[PDB]
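Asker: I'd like to ask you about the structure that follows.
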Amino acid sequence: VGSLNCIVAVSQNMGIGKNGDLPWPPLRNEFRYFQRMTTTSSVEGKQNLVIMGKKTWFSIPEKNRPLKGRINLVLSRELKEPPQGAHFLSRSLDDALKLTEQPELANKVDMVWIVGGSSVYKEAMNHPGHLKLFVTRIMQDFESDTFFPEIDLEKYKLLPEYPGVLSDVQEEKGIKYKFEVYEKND
Ligand SMILES: NC(=O)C1=CN([C@@H]2O[C@H](COP(=O)(O)OP(=O)(O)OC[C@H]3O[C@@H](n4cnc5c(N)ncnc54)[C@H](OP(=O)(O)O)[C@@H]3O)[C@@H](O)[C@H]2O)C=CC1
């Protein structure tokens, strides 16, 4: 099992969700980036694991579930089995990660990607260890009801570049956005 990573798109006021969808209109190329970064292994014949909360799961369009080419793991304590189309169900972030230590998983999984929502990001972000954050800055305010936790910049260093991550400002449907990678190791 290789790296642990969070990936998020976030508006200027720290918004990630509204009413079960994103705060902004769909940005195809942002989704495309998400799919590429989460899918691409750095160890062929191996797969990446995506970990998400229950609400995130159901906020993905059914035709994109499971996220293809990835092991899909959903967090819930109410569910008694993985949702239709998901693979794994876990009851805590520890359990999902500890689950990547099982013989079965250990030698099949490259990167672990936490792909939301707020509570799973907060726990991972505040846990000691090596963790990167792939953050897309959506460069305006959007009305939101779910927010990304504080990024402590004493811990998380914004990297000046990263392979496979376009650096400069993008725009789609009149909305400018920028790809960032942050790393801590504590
Ligand atoms: N902009 C982006 O990058 C992203 C946007 N989104 C959007 O953001 C919002 C996500 O909302 P959010 O409310 O944060 O929800 P989550 O995806 O975190 O779902 C919350 C539910 O997941 C289960 N859950 C969360 N963490 C754990 C845990 N550690 N262990 C066990 N179960 C857990 C609980 O379900 P149970 O009650 O069953 O225990 C909880 O009620 C939606 O609008 C979504 O579309 C989501 C991802 C990324």
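Residues displayed in chain A correspond, in order, to Swiss-Prot positions 2-187.
Per the header: X-ray crystallography, 1.5 Å.
Positions of Cβ are set from backbone N, Cα and C atoms, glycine also.
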Asker: Out of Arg71, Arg78, which is the one Swiss-Prot records at the substrate site of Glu31, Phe32, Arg33, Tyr34, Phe35, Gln36, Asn65?
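Answerer: Swiss-Prot names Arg71 for this substrate site.
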Asker: For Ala10 (NADP(+) binding site), what is the secondary structure by DSSP, using just helix, strand and coil?
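Answerer: SS state of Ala10 (NADP(+) binding site) = strand.
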Asker: Say you check the Cα of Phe32 (substrate binding site) against those of the binding-site residues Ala10, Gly21, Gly118, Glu124; which is nearest?
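Answerer: Looking at Cα distances from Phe32 (substrate binding site), the smallest one goes to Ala10.
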Asker: Out of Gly18, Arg78, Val121, give those binding-site residues positioned within 10 angstroms of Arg71 (substrate binding site), comparing C-alpha atoms, in sequence order.
Answerer: none
